[PDB]
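Note sheet for the following structure.
For ligands, and for the atoms within them, numbers begin at 1 and follow the listed sequence. Starting from 1, each residue takes its place in the sequence as its number.
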Amino acid sequence: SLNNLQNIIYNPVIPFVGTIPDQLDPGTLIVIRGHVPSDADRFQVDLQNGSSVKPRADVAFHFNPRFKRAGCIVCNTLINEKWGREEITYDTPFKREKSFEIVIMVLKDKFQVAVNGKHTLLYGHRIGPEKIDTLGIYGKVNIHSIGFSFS
Ligand SMILES: CC(=O)N[C@H]1[C@H]([C@H](O)[C@H](O)CO)O[C@@](O[C@H]2[C@@H](O)[C@@H](CO)O[C@@H](O[C@H]3[C@H](O)[C@@H](O)[C@H](O)O[C@@H]3CO)[C@@H]2O)(C(=O)O)C[C@@H]1O
Ligand SMILES: [Cl-]
């Protein structure tokens, strides 16, 4: 059959703020397929505790490809409206005008992210993943599909 992921969302409007339909237990996958527009400066995928804007929802995991200069991916955590220490990954596979697949795997102590079938980065948990119930996608990105595999 054609359904290999759960709770699939197709061609969402960006910015996208959606409820994650089950718990992010170890082994859970979040799978996002899309493409970067030619003028992209950045986009972000945020795993959030709720969707409030005041106070702004905590972001357990901010995954933020940036396209200026040589490009990079910045990761961070937002707690009580304050950003923490950035973790920057310089070996970035994202490119303007190219399509991508992001697979975020939740593990016990960290997230692991693979892009286009290749391991890209790790990010240690700073907020318990049990607090995450919302997926936010913002910025200059086109999203084809979002799906989940819940453990
Ligand atoms: C309306 C708007 O522009 N919202 C932005 C916000 C605001 O600009 C910002 O929160 C106001 O302080 O920024 C968002 O991106 C931030 C996020 O990617 C973090 C991750 O660490 O980096 C912030 O920039 C850093 C920069 O990377 C550092 O080099 C610098 O020393 O500090 C900067 C500020 O901390 C980004 O602004 C956000 O999600 O908060 C994107 C929104 O669209
Ligand atoms: Cl782990």
Tell me: protein heavy atom nearest [atom], and distance?
atom: atom 42 (C) of ligand 1; result: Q44 NE2, 4.7 Å
atom: atom 37 (O) of ligand 1; result: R42 NH1, 4.5 Å
atom: atom 28 (C) of ligand 1; result: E86 OE2, 3.7 Å
atom: atom 17 (C) of ligand 1; result: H62 NE2, 3.3 Å
atom: atom 10 (O) of ligand 1; result: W83 NE1, 4.0 Å

Are any of the protein's heavy atoms under 4.0 angstrom from [atom], yes or no?
atom: atom 39 (O) of ligand 1; value: yes
atom: atom 7 (C) of ligand 1; value: no
atom: atom 1 (C) of ligand 1; value: no
atom: atom 30 (C) of ligand 1; value: no
atom: atom 12 (O) of ligand 1; value: no
atom: atom 25 (C) of ligand 1; value: yes
atom: atom 22 (O) of ligand 1; value: yes

* Asked: Ion pair present between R66 and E86, side-chain N to carboxylate O less than 4.0 angstrom?
  -> yes
* Can you label the angle between the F100 ring and the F43 ring as parallel, tilted or perpendicular, going by 30° and 60°? => parallel
* To do: Please state whether the rings of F111 and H125 are parallel, tilted or perpendicular, taking 30° and 60° as the class boundaries.
  => perpendicular
* Worked check of side chain to side chain contact (heavy atoms under 4.5 Å, CB included) between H62 and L78 -> CA-CA 8 Å; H62 173 67; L78 184 85; over 6 Å; no
* Asked: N76 heavy atoms, cut-off 4.0 Å: which ligand 1 atoms fall inside?
  -> 20 (C), 21 (O)
* To do: Check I102, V103, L5, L24 against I30 for a side-chain contact (heavy atoms from CB on, under 4.5 Å) and give me the one that passes.
  => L24
* Asked: Quick one: does ligand 1 sit under 4.0 Å from the side chain of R56, the backbone, both or neither, non-hydrogen atoms only?
  -> side chain
* **Per-residue contact class, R66 against ligand 1 - non-hydrogen pairs under 4.0 Å** => side chain
* Heavy atoms from other residues, nucleotides or ligands near CD of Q112 exceed 12 (cutoff 6.0 Å) -> yes
* Derivation of the side chain to side chain contact (heavy atoms under 4.5 Å, CB included) call for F148 and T28 -> CA-CA 7 Å; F148 301 86; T28 295; 5.5 Å; no
* Between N49 (side chain) and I132 (backbone), is there a donor-acceptor pair under 3.5 Å? -> no
* Whether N76 side chain and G84 backbone form a donor-acceptor pair below 3.5 Å -> yes
* List for me each residue that meets side chain to side chain contact (heavy atoms under 4.5 Å, CB included) alongside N3, sequence neighbours excluded, and say none if there are none. => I8, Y10
